[PDB]
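Q: The structure is given below, and queries will be raised subsequently.
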2 protein chains.
Amino acid sequence: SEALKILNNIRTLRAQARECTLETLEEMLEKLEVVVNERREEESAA
Amino acid sequence: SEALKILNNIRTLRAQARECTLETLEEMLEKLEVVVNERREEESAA
């Protein structure tokens with residue numbers, strides 16, 4: 001879980017976002033939303 | 001940008017999410033939303 005722990009420090013991701021375009025940032029937000037929604041389905045099923 | 005490129009592969013984040021609780025996943029989604037919104041402000045200003 002090295003990529004999940006980095007998401008907790010926004011300042012670190014802030015420096016990484018400065019080297020990427022907005023279109024790549026939109027795709028990254030989609031994947032994180034699906035990952036949280038995937039766990040939401042397991043929480044709603046239990 | 002090692003944490004930003006990992007977010008593109010949801011299957012990889014999928015295995016990492018299985019080892020964390022939903023509360024930690026909610027905070028991670030907040031940071032990514034703020035990172036994308038921070039770049040949105042720069043795009044709207046330009």
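Identifiers in this document derive from the order of the structure tokens: chains are assigned A, B, ..., residues are numbered from 1 separately in each chain, and ligands are numbered from 1 in order of occurrence.
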Identify all chain B residues at most 7 Å from chain A by counting only C-alpha atoms; ligands do not count. Present them as an mmCIF file with C-alpha atoms, in the first residue's frame.

A:
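And here's part29.cif as it stands now:
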data_model
loop_
_atom_site.group_PDB
_atom_site.id
_atom_site.type_symbol
_atom_site.label_atom_id
_atom_site.label_comp_id
_atom_site.auth_asym_id
_atom_site.auth_seq_id
_atom_site.Cartn_x
_atom_site.Cartn_y
_atom_site.Cartn_z
ATOM 1 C CA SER B 1 5.055 10.678 -10.059
ATOM 2 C CA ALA B 3 1.769 7.368 -6.849
ATOM 3 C CA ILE B 6 -0.322 3.741 -9.967
ATOM 4 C CA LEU B 7 -3.793 5.367 -9.728
ATOM 5 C CA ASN B 8 -4.157 4.685 -13.499
ATOM 6 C CA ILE B 10 -7.248 0.278 -10.790
ATOM 7 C CA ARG B 14 -7.849 -2.771 -5.917
ATOM 8 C CA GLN B 16 -4.137 -2.301 -1.940
ATOM 9 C CA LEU B 22 -13.369 2.284 4.206
ATOM 10 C CA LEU B 25 -10.435 5.167 1.544
ATOM 11 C CA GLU B 27 -9.813 10.419 3.177
ATOM 12 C CA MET B 28 -7.790 9.255 0.134
ATOM 13 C CA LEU B 29 -10.688 10.230 -2.173
ATOM 14 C CA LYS B 31 -7.146 14.394 -1.156
ATOM 15 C CA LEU B 32 -7.406 13.348 -4.840
ATOM 16 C CA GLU B 33 -10.502 15.551 -5.302
ATOM 17 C CA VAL B 35 -5.577 17.832 -6.038
ATOM 18 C CA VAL B 36 -7.768 17.828 -9.175
ATOM 19 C CA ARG B 39 -5.351 22.227 -10.918
#

Q: Can you pull out every residue from chain B that DSSP, working from the backbone, puts in helix (DSSP H, G or I), and format the result as a ChimeraX atom specification?

A: /B:2-8,10-17,22-45
